[PDB]
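S.K.:
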């Protein structure tokens, strides 16, 4: 209902965790679970590649269609770009329904 | 081929095989020049209309089109009688279409007298929208189809289409289609046109009436092993339960329930009834789209009336056909033929009645139990229903709208719903300019020779049959003509040669269990 | 200079003329060229098919490009369509330079 | 490979074959973090500038880039001397580039003291713009190239680009490029990067000076068979004609004429000259684009000065190099090295002189013949010219702008023009986030470990040589060092280890006929 493709078997959840690294344990045995760990965090790169199938348009419409376009008029910043502080912004939501076909 | 050789023969017959019937029909057509070879923008402003529910924008084309989307275009009354009396179902399988014996005529007027002569070198253009790239207008019950009587000569209807509108104005999303932007075959008097079409798989139409009702499927001799709440009070919450059995069938547990409903207002056909108000639009059942109110017509398939109430019909829930010679505007009830769907009363709710009652509160010692009428009920699991019956003069198929989702896309006016129905066949006379000026002028020519075309059209459709295997002992109900003497034979010509269809003929006479 | 493709050997000129059909000549020989002809004109169909080669864009530009688009706002007529009298009109000149590439 | 194994060796040498010379140079580089891993919109508003000729809009990227677009990055002074004294021409053929011995360091500051340690698991990203999808900034004479002295360690310049601007604002046609939207190789300390490039076919650079002038190509002993108008008046239109011969060479017919011109204002290098006004911008020669005035620099290849006028130079028609240690702003003439193109005076017009004189009226008995000076002259048929000479410290190549048309796309600053020049090589340190909070926050991380990277870079270029086959009897002019004693050796290090280039070195010492 929020939009998209419904699947019984969607892309699986990918779960990641840092393995706990205990600190120095006491020299005398204690049966309680360890609660002293080395403070750690992890970093790395993640890549995802998705192949999309396209349905081309075969319209016989004579007049030009409505198309999504940027506005040429001057502005302080370029839409869908970074600001002077390096902050990326999306200025508007973009749908998918601009081309037309008969009902 | 040539001027002096026929490009086709007259084929009009029905062939009845075991599980298949092949219908062939040939008609003579006439095609004039539409819009004087021009495309014209049309709207409710150009037709003078100002109500917002009736507002539109679109275009009228110089092209005509062939329509055979009515059953009587292919089935004779006798063939229809055989089909409905001997088969539990049927569906179209494949199509063959032919245009031949093209004859293009030129008309010249000197002074109050017109002379018609052949123009052997002129052409007629025909193409099929096999890719469904043009608006589909065959899905509406429009006039202009092939006549039911083979001897009648018919005029080809003009092709027009509608697009998105805001009042009488268009929007940027509106589309304009030029039919000359399609490849089309050009035919002189010696040429012919033909193509074949395969119907996509569709369910068999239900040409039967159920011999059982949905609420009477139990064994009338054996109790259920289930209990129902019988009593409640003593005469203290004294809950009492009883076995549901033959003596009380209404409270028995059931696995399936009647189909959806969208209640219609009730109208009596009895004369000398006094109406309390003008209600034909104010009392109408209706759905709204983008601020425009459209009449619910014919709406979901529902029983027209309860048993014994044939005098009542839903305000817009039934197909209304006009008798031969009936006028266009404000005709009496005896000039029209009101169809009814009483055969589906065994599974479908009555059109002019509520679906049922539903609890609306929590009963207690202080509050009495309350119920409310369900005037409209959507699809629920376990529902079963029958689609609207088809008729001899009714539509055959319709194009399923290209949308993300749909439910049971059987056309509400009756017939077979298809994503890829038989393609539109568009035909137009090629313009023949008159004498142009001897000095070049860049403007498009507006002086043309007055022309029209005529010829024969043949369509062959193979239908698959579903034979009946009933074990019913007593004879079935069958459609039959009445032997009693009359001035004219039903489904025949009058003394003036006028063919008439005296009544609508359904398909549901045989019976089968539910 | 008016725009387009310059060619030493462009598409050749296609010339067409109705063959003169003389009227009834005199029964006595006259050496002068005939000047009495049957009034005639001709009509028919003409088809031209042109194959165009395309140069696809491979831009790495992040923000959306400028695109030619029709305006959704309501109007009495659809742009690049016929009027109520069947007159086709082109409401504006359309160039070709909307996509962008580096210099 | 591994942490403890070198990923490449130090290659720095020149190999002289018969018709080819292969130059290899290796340098040590350092790459810091630019813009703190961010992309930033930049403009003349962000740099505080308000003149419209200096207005801009663009972006600064966290990426660095490798530049070796200067001749001294590949040729030692001795190799350059050999090339210019022994060859009539040369051109690049192919390229080999290598990055190896990657070392990524982390910097930690406790209190006024920084500690540097290796981060063996960090990566550096490198990719080449082989498809030329990014703005090309190597076509401008920017600093940051590989040092001429192999022992110098250099800092990688930060990559930035400009797009369309209206004042300090952008327009819809402006483009924003993300360099992370390109596939790039990620290298740890054990990895290396390399690619090969083939130069597109370019003409040989003219490393010669003409031994003849365009106006002295005739036989000095033989008259022409053509006549010229000598006299006109008696002392009546008395037209007199004479043979053009050795005694009057200026009036002889000629088949070819000197190349185009765009006149420069003249500046004297002599001190104690009084200037009449401040003229460095008001007197400048200039071209306008979309309302923005840009200085004509260096403009068309023209002779810097007439014979014996070495004290004069065009206001912006010559390349100006800075001596070692020269400041950035408002330095004296002795702190810069002014190049000159006197070698092309045989075919190209003088930069500070008019191209010639052209008639401006029709002479008659009442009107004296009038002529006008041609300050700018476009290309005419029969014109011949020499392109600007290249220098040891000057640029090598430039990217021809992707446009519909161009004429003689030799870079005006000197070098080889190519539609597909050596691709830009972009390098960046992969950001390494600091410890993130233990509770999820959707904002992008802004706390990173302070890092920089260092390593070696090697570039090998094969050059094709055009040998000289002159029949000249007397010895040629050759570039040579001066034997006379001096405190330091030219093109060597000082007592403080500072390498300096004492003079610009051209390529045009050998001679050939015109």
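Chains as they are written, first to last, in UniProt numbering: chain D, 634 to 736; chain W, 219 to 453, 458 to 736; chain A, 634 to 736; chain E, 219 to 453, 458 to 736.
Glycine residues also receive a C-beta, built at the ideal position from the N, C-alpha and C atoms.
(1) Can you tell me whether DSSP reads residue 306 of chain E as helix, strand or coil?
(2) Using DSSP bridges, identify the partner residues of residue 682 of chain A.
(3) Quick one, which of E/639, E/505, E/265 and E/410 has its alpha-carbon nearest residue 717 of chain D's?
(4) Anything in chain W within Cβ reach of residue 708 of chain A, meaning under 7 Å, just list it in chain order.
(5) Can you find the residues in the same chain that come closer than 8 Å, C-beta to C-beta, to residue 605 of chain W, ignoring five residues on each side of it along the sequence?
(6) Using C-beta distances below 7 Å, list every residue in its chain close to residue 700 of chain D, excluding the 5 sequence neighbours before and after it, in chain order.
(7) I think residue 270 of chain E touches residue 385 of chain E, with their Cβ atoms under 8 Å apart; what is that distance to the nearest whole Å?
(8) Could you give the C-beta distance for residue 707 of chain A and residue 387 of chain W, rounded to a whole number, given that I count them as a contact under 8 Å?
(9) Closer than 8 Å by beta-carbon distance: list the chain D residues that pair up with residue 394 of chain W, in chain order.
(10) Can you tell which of E/702, E/703, E/693 and E/725 has the C-alpha that lies nearest to the C-alpha of residue 734 of chain E?
(11) List the residues that DSSP assigns as beta-bridge partners of residue 336 of chain E.
(12) Figure out for me which residue from E/326, E/322 and E/500 has the closest Cα to the Cα of residue 336 of chain E.
(13) Is it true that the segment 527-536 of chain E meets the segment 279-292 of chain E, where meeting means three or more beta-carbon pairs spaced less than 8 Å apart?
(14) Locate the beta strand (DSSP E) running through residue 428 of chain E, then write down its first and last residues.
(15) Less than 7 Å separating the beta-carbons of residue 648 of chain W and residue 411 of chain W?
(16) Closer than 7 Å by C-beta to residue 250 of chain E: which residues in its own chain qualify, once you throw out the five before and the five after it? Chain order, please.
(17) Can the beta-carbon of residue 652 of chain E be found less than 7 Å from the beta-carbon of residue 403 of chain E?
(18) Straight-line CA distance for residue 705 of chain A to residue 414 of chain E?
(19) Determine, using beta carbons only, whether residue 704 of chain A comes closer than 7 Å to chain E.
(20) Do residue 523 of chain E and residue 610 of chain E have their CB atoms nearer than 7 Å?
(21) Taking C-alpha atoms, which residue in A/637, A/669, A/686 and A/682 lies nearest to residue 401 of chain W?
(22) Let me make sure I understand the geometry here. Which of E/585, E/586 and E/580 has the alpha-carbon closest to that of residue 596 of chain E?
(23) I'd like the ranges of any beta strand (DSSP E) spanning at least 3 consecutive residues and lying wholly in the segment 562-607 of chain W.
(24) Residues of chain E with CB under 8 Å from residue 733 of chain A, in chain order?
(25) Using only CA atoms, which one of D/710, D/724, D/721 and D/727 lies nearest to residue 261 of chain E?
(26) Exposed or buried, which one is residue 282 of chain W when buried takes at least 16 other CB atoms within 10 Å?
(27) Can you give me the C-alpha to C-alpha distance between residue 315 of chain E and residue 245 of chain E, rounded to a whole angstrom?
(28) Does any C-beta atom of chain W lie closer than 7 Å to the C-beta of residue 663 of chain A?
(29) Between the Cα of residue 509 of chain E and those of E/636, E/492, E/485 and E/279, spot the shortest distance and give me the residue it belongs to.
(30) In terms of residues, what are the limits of the beta strand (DSSP E) holding residue 416 of chain E?
(31) Taking a cut of 8 Å between CB atoms, which residues from the segment 710-723 of chain A lie near chain F?
(32) Using the rule of at least 16 other Cβ atoms within 10 Å of the residue's Cβ for burial, across every protein chain shown, is residue 247 of chain W buried or exposed?
(33) Give me the subset of the segment 348-366 of chain W whose CB atoms are less than 9 Å from a CB atom of chain D, sorted by chain position.
(34) Just checking: is the beta-carbon of residue 700 of chain A within a distance shorter than 7 Å of some beta-carbon in chain D?
(35) Taking 7 Å as the CB-CB cut-off, is residue 729 of chain A touching chain W?
(36) On the DSSP letters alone, give me the boundaries of the beta strand (DSSP E) that residue 640 of chain E sits inside.
M.R.: From the atom records:
(1) Working through the fourth chain from its first residue, we reach residue 306 of chain E at position 88. Looking at residue 306 of chain E - three-state DSSP - the assignment turns out to be strand.
(2) Start at 1 with the first residue of the third chain, and residue 682 of chain A comes out as number 49. Note: residue 682 of chain A sits in no beta bridge, so no partner.
(3) Along the first chain, read from residue 1 onward, the residue named residue 717 of chain D stands at position 84. It is E/265 whose Cα lies nearest to the Cα of residue 717 of chain D.
(4) As a working mapping, residue 708 of chain A is identified with position 75 in the third chain. Neighbours of residue 708 of chain A on chain W, chain order: 387 and 388.
(5) The residue given as residue 605 of chain W occupies position 383 in the second chain. The answer, listed in chain order, is 478, 479, 480, 481 and 482.
(6) Residue numbering aside, residue 700 of chain D sits at position 67 when the first chain is read from its first letter. These residues qualify, in order along the chain: 731.
(7) Numbered from 1 along the fourth chain, position 52 holds the residue referred to as residue 270 of chain E. Numbered from 1 along the fourth chain, position 167 holds the residue referred to as residue 385 of chain E. Residue 270 of chain E to residue 385 of chain E, Cβ: 7 Å. Contact.
(8) Within the third chain, the letter at position 74 stands for residue 707 of chain A. Within the second chain, the letter at position 169 stands for residue 387 of chain W. Their Cβ separation, rounded to whole angstroms, is 4 Å, which keeps residue 707 of chain A and residue 387 of chain W in contact under 8 Å.
(9) As a position in the second chain, residue 394 of chain W is number 176, starting the count at 1. Within chain D, the residues near residue 394 of chain W are 694, 695 and 696.
(10) If you number the fourth chain from 1, residue 734 of chain E lands on position 512. Comparing Cα-Cα distances from residue 734 of chain E to each of E/702, E/703, E/693 and E/725, the minimum goes to E/693.
(11) Residue mapping note: residue 336 of chain E aligns to position 118 of the fourth chain, counting from 1. The partner list for residue 336 of chain E (beta bridge, DSSP) reads E/323.
(12) Along the fourth chain, one-based indexing puts residue 336 of chain E at 118. Checking every option, the nearest Cα to that of residue 336 of chain E belongs to E/322.
(13) no
(14) Counting from 1 along the fourth chain, the entry for residue 428 of chain E is found at position 210. First-last of the beta strand (DSSP E) with residue 428 of chain E: 426-428.
(15) Position 426 of the second chain holds residue 648 of chain W. Position 193 of the second chain holds residue 411 of chain W. In this structure, residue 411 of chain W does not lie closer than 7 Å to residue 648 of chain W by Cβ.
(16) Against the fourth chain, residue 250 of chain E aligns to sequence position 32. The answer, listed in chain order, is 674.
(17) Position 430 of the fourth chain, counted from the start, is the residue given in the question as residue 652 of chain E. Position 185 of the fourth chain, counted from the start, is the residue given in the question as residue 403 of chain E. For residue 652 of chain E and residue 403 of chain E, no; Cβs fall outside 7 Å.
(18) Along the third chain, one-based indexing puts residue 705 of chain A at 72. Along the fourth chain, one-based indexing puts residue 414 of chain E at 196. Looking at the two C-alpha atoms, the distance is approximately 52 Å.
(19) Residue numbering aside, residue 704 of chain A sits at position 71 when the third chain is read from its first letter. So, not an interface residue.
(20) Here residue 523 of chain E refers to the residue found at position 301 when the fourth chain is read from its first residue. Here residue 610 of chain E refers to the residue found at position 388 when the fourth chain is read from its first residue. Contact flag set, yes.
(21) Indexing the second chain from 1 puts residue 401 of chain W at position 183. Comparing Cα-Cα distances from residue 401 of chain W to each of A/637, A/669, A/686 and A/682, the minimum goes to A/682.
(22) One-based indexing of the fourth chain puts residue 596 of chain E at position 374. For the residues E/585, E/586 and E/580, the minimum Cα distance to residue 596 of chain E belongs to E/580.
(23) 578-581 and 593-596
(24) Here residue 733 of chain A refers to the residue found at position 100 when the third chain is read from its first residue. Result: 391 and 393.
(25) Taking the fourth chain and counting its residues from 1, one reaches residue 261 of chain E at position 43. Comparing Cα-Cα distances from residue 261 of chain E to each of D/710, D/724, D/721 and D/727, the minimum goes to D/710.
(26) Residue mapping note: residue 282 of chain W aligns to position 64 of the second chain, counting from 1. Residue burial annotation: residue 282 of chain W is buried, with at least 16 other C-beta atoms found within 10 angstroms of its C-beta.
(27) Here residue 315 of chain E is taken as the residue at index 97 of the fourth chain, counted from 1. Here residue 245 of chain E is taken as the residue at index 27 of the fourth chain, counted from 1. Their backbone Cα atoms lie some 12 Å apart in a straight line.
(28) Residue numbering aside, residue 663 of chain A sits at position 30 when the third chain is read from its first letter. No, residue 663 of chain A lies away from the interface with chain W (no Cβ there is under 7 Å from its Cβ).
(29) Taking the fourth chain and counting its residues from 1, one reaches residue 509 of chain E at position 287. Across the set E/636, E/492, E/485 and E/279, the C-alpha of E/485 shows the shortest separation from the C-alpha of residue 509 of chain E.
(30) If you number the fourth chain from 1, residue 416 of chain E lands on position 198. Counting along the chain, the beta strand (DSSP E) containing residue 416 of chain E begins and ends at 411-416.
(31) Within the model displayed, chain F is absent; protein chains D, W, A and E are what it includes.
(32) Reading the second chain from its first residue, position 29 is the one you call residue 247 of chain W. Per the 10 Å Cβ criterion, buried.
(33) 349, 350, 351, 352, 353 and 354
(34) Reading the third chain from its first residue, position 67 is the one you call residue 700 of chain A. Under the Cβ distance rule, residue 700 of chain A counts among the residues neighbouring chain D, one pair being separated by less than 7 Å.
(35) As a working mapping, residue 729 of chain A is identified with position 96 in the third chain. Taking Cβ atoms only, chain W never reaches closer than 7 Å to residue 729 of chain A, which makes this a no.
(36) Counting from one through the fourth chain, the residue named residue 640 of chain E turns up at place 418. Here the beta strand (DSSP E) through residue 640 of chain E covers 638-640.
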